[PDB]
Structure formats: structure tokens, C-alpha cells
Protein chains: 4
Amino acid sequence: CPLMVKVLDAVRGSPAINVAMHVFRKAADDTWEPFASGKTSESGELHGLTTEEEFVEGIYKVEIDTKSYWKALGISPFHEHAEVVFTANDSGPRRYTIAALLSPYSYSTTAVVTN
Amino acid sequence: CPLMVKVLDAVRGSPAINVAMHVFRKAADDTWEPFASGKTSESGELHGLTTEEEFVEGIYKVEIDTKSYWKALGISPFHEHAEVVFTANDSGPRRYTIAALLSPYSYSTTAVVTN
Amino acid sequence: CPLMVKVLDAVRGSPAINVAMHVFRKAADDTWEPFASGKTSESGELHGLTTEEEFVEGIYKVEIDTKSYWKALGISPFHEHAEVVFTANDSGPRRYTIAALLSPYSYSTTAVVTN
Amino acid sequence: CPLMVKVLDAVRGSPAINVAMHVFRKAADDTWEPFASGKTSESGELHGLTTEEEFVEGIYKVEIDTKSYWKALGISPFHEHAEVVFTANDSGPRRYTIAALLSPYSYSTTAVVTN
Ligand SMILES: O=C(O)c1cc(Cl)c2oc3ccccc3c(=O)c2c1
Ligand SMILES: O=C(O)c1cc(Cl)c2oc3ccccc3c(=O)c2c1
Ligand SMILES: [Ca+2]
Ligand SMILES: [Ca+2]
Ligand SMILES: [Ca+2]
Ligand SMILES: [Ca+2]
């Protein structure tokens, strides 16, 4: 699988478990069509979203439901969700790991792209 | 000035100057309506986007054109744009400062909210 | 004001107020000599630490007492302090703004350096 | 092994390979004594620094040589090193993963503590 998402909780110092997210692919009319989705595991990771053959070049959006995560912990957050929008680019063999580090009023997102 | 956006460049250690961004507000039909737009100044800040009267309760999206910023510096970055989606003014008027810290393969977005 | 430090709280979305910090400068014998100290204001900023004449070339360390900040809010954080170590003024005088973004189990430190 | 360190490069979107670091433990006289050291692997990770029996409660410092990493890439950095200072605390079974996300003028450090 060429795309994995990892989510971490900066308040508790833990993987962020049971975080829902949807992946969309941008269509020719500039709309977002659903592509894949799931929830993070006990390790904070979501594997198996797609396959090499399906994950073609294009613009993708990962929408991570961070608000529901914080609400379950009883903490008021700022963001409605965390958004990661990127172009997949074929330059040799590539695997994408997207990490989201979550705080109630801040998040960071990083891509590690490896061969 | 109930909404201000500040953008910083983590490669150069500088304000990110001339960064374009568009603000949208979610309409009753769930579409994103244009709300305001502008570019960061030499200080990396964009002031004057809206007014207290115009900045009603709602869900807002700030799309910061980080890709064009990096490309003009000779860097091909990961993200298409940095996106910040948030509910504003749900408990009455607040002042929002959104800061985006940019690197080619990572960014963070933080909000300081004051009454 | 060639050195300013700003501290933000990513849990509350606010300036981090009354945060103590100590600045040290490396002496010729490799020990850390006291240089300046202070606490952040209601804006989360600490101004006036030094002057252009006093802030000579050297290696400086800013130790920000993040642990006491979190403990007073009822949180037991991971880090003892946030540490920022840097060479200053190696190519002539510069102005340094150091920002620390704090969460209980994570922090970031960023510098904006201007001529 | 109860302590692992992972280092990521936010400019290239990659693990930060061959990054040297030293771990110190604070002594009773407030000096830092060497405890362990190594360099990150091709995955950006440094494993095997210590053992359960050796890693007792106390204050530890991880000093990551980020300046040498950026210098090898020909990029001028801000920090002399990245410093992570924390107290190890016995509260049930615990494994510490310290992640450092590096940019030339900014870094973030996060602890994920798991059972
Ligand atoms: O007000 C400033 O001059 C200033 C300078 C720096 Cl380095 C800053 O870095 C940051 C890094 C992460 C999140 C927010 C900020 C800031 O809000 C910020 C503001
Ligand atoms: O592989 C891990 O266990 C692990 C642990 C931590 Cl704390 C991590 O923090 C991070 C903080 C910012 C950006 C990426 C990561 C990680 O990719 C990451 C991975
Ligand atoms: Ca291509
Ligand atoms: Ca309301
Ligand atoms: Ca010099
Ligand atoms: Ca104990």
C-alpha cells in the first residue's frame, strides 16, 4: 500500500486511536470524490487505504476528523478537521506516510516519501 | 480586525511574504462561498480581511497558497495548499490569529483566540 | 530589542503568560554563563532581554520553564523545559524572534532572523 | 529497549539518516553525564540506546546534532542542536519514542509514551 496515515496526540503523548478520516480524489470538474476511508488503529495508524494500481497521479485530500477525537476526550478544539491536500507524483517507487500531530488549537502535518 | 493570518518560512527563518490566501464561508446549502482574500505583507501578515459586522458565526476555511510560494523559491513542495477549517464566533465574537509555519514537506497551523 | 521570545499555548489557543526563561551564553571555558532572564507578558512575549551592545557574537541558550507553566494548569508534561541553542551575530548583528509553541507532550521552536 | 529516537527531515520529506545524538543523565551535582549515543539508521530511527534495567527514573537530555545534518546538505541552520530534556517516570510499563521533526529554522519534538 502506497499511502499510510499516522495520527498522534500531543496532549496525552500517545497515538490517536479511533480517528476517522476520508480520502478524496479531485475530479475533472474540481469536485472531491470519495476514494477511501477508515479509522486509526491502536497504534494511531491507518493502513490499507489503497493499492499501487488504484493510486494514480492526481490531487488527493485527506480529511481527518480531529474535532470528534477531541470531543470524545472532553476538550474543546479549534479546527473542524485536519486537511492534507497534495499531488501524488510518479518519480520512481514511492510510498507516502502522512503524519498528523494533534493539539486542540494546533496541528502539524508532515509527509515522509520513501522509495 | 477579528481575523488575521500570519505565515512563516521555516527554511529561511523569515516571514513568508506575498503568500496568497482565500477565505470561504460554508453556506446553508453546504457549499463554500467566497468570503475574503489577500496576500501577506513584508511582515508575513495579512490584516483587514473582514469586519466585526461581516464576520458572523459560521464555518470558515482559509486556503493558503503554499505551493506557489515554494515554487517561486525553486522548491517543489508536498502540499497543494495549507487549509484551516474552523467554526467562528459560536459563543459570541472573538478575535482570531491563525499562524501557518511552512516547510516544503510539513506545515503547522495554530490559532490564538481572544475575547 | 535584538532578542525577543514569544510563547504560545496550543491547548488553550492563547499566549502562554508568565512563563519564566533564562538565557545563557557559552563562555571561553565552555561553561554556560548567565546572560539574561525574564517572564512572558500577557501577550506571551518577553521583550527587553538585552541590547545591541551587550548581545555580542556567541552561542546562546534559552531555557524556557515549560514544566512550571503546565503544572500550574494541572497538567504533568513530558519535558522539563524547552531549550533553544543557537549561534548569534556570526555575520554581524541580527534581530532574533524565537517562538515556542507548547503542548504537554510536544513543542516546537522557530526563529525569525532579520537584518 | 524503553527509549527510541526518530528524526525526520521536513525539507526533503524523508527520514533524517546518519544524525548523531548523545543521551545524558543528570547527576546529583547537576552536571550531565554521558549515558548513551548513536546515529540514526536509514529509517531515521535510533534503537537500542539502553535497557529496562539501566533506564531508571531521573532527568535525561537527548542532544541531537542537527547542525551537522544541515551542514552536510549545504543548508544554513539556526540551531546548534536539538535538545530534549525530560524526566523518566515509572507509571506502569512504559516505552518512550521521541520524534524530532527538523527544518533549518525550526524543529518540533514530541514524545509518544506507550504501555
Ligand atoms: O509574532 C511573531 O513575530 C512570531 C514569530 C514566530 Cl518565530 C512565530 O512562530 C510561530 C511558530 C508556530 C506557531 C506560531 C508562531 C507564531 O505565532 C510566531 C509569531
Ligand atoms: O513512528 C513513531 O513511533 C513516531 C513517533 C512520533 Cl512521537 C512521531 O512524531 C512525529 C511528529 C511530527 C511529525 C511526524 C512524527 C512521526 O512520524 C512520529 C512517528
Ligand atoms: Ca509525472
Ligand atoms: Ca452559537
Ligand atoms: Ca563571525
Ligand atoms: Ca514515581
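Residues displayed in chain A correspond, in order, to Swiss-Prot positions 30-144.
How was it done? The header gives X-ray crystallography, 1.2 Å.
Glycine residues also receive a Cβ, built from the backbone N, Cα and C atoms like all the rest.
Less than 8 angstroms from the CB of A:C30 (sulfocysteine) sit A:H76, A:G77, A:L78, A:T79, A:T80, A:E81, A:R124, each of them six or more residues away in the same chain. Taken from Swiss-Prot, the feature sulfocysteine applies to A:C30.
All chains included, 20 other C-beta atoms sit within 10 angstroms of the C-beta of A:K35 (L-thyroxine binding site). Residues or ranges marked as L-thyroxine binding site in Swiss-Prot: A:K35, A:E74, A:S137.
Around the Cβ of A:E62 (4-carboxyglutamate), the number of neighbouring Cβ atoms within 10 Å comes to 9. In the three-state DSSP scheme, A:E62 (4-carboxyglutamate) is classed as strand. Summarising the annotation, Swiss-Prot assigns 4-carboxyglutamate to A:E62 and lists experimental evidence as the type of evidence.
Note on A:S72 (phosphoserine): other Cβ atoms within 10 Å of its Cβ, all shown chains, come to 13. The feature phosphoserine is assigned by Swiss-Prot to A:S72, with similarity to another entry given as support.
In the three-state DSSP assignment, the secondary structure recorded for A:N118 (N-linked glycosylation site) is coil. Around the Cβ of A:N118 (N-linked glycosylation site), the same chain contributes A:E86, each under 8 angstroms and 6 or more positions distant in sequence. Here Swiss-Prot flags A:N118 as N-linked glycosylation site.
Spacing of A:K35 (L-thyroxine binding site) relative to A:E62 (4-carboxyglutamate) is 22 Å (Cα to Cα, whole number). Contact annotation for chain D: of the listed recorded positions (A:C30, A:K35, A:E62, A:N118, A:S137), A:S137 place their CB atoms under 8 A from a CB atom of that chain. When the C-beta distance to chain B is held to under 8 angstroms, the recorded positions A:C30, A:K35, A:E62, A:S72, A:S137 reduce to A:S137, listed in sequence order. Cβ contacts within 10 Å of A:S137 (L-thyroxine binding site), excluding its own Cβ and spanning all protein chains shown: 27.
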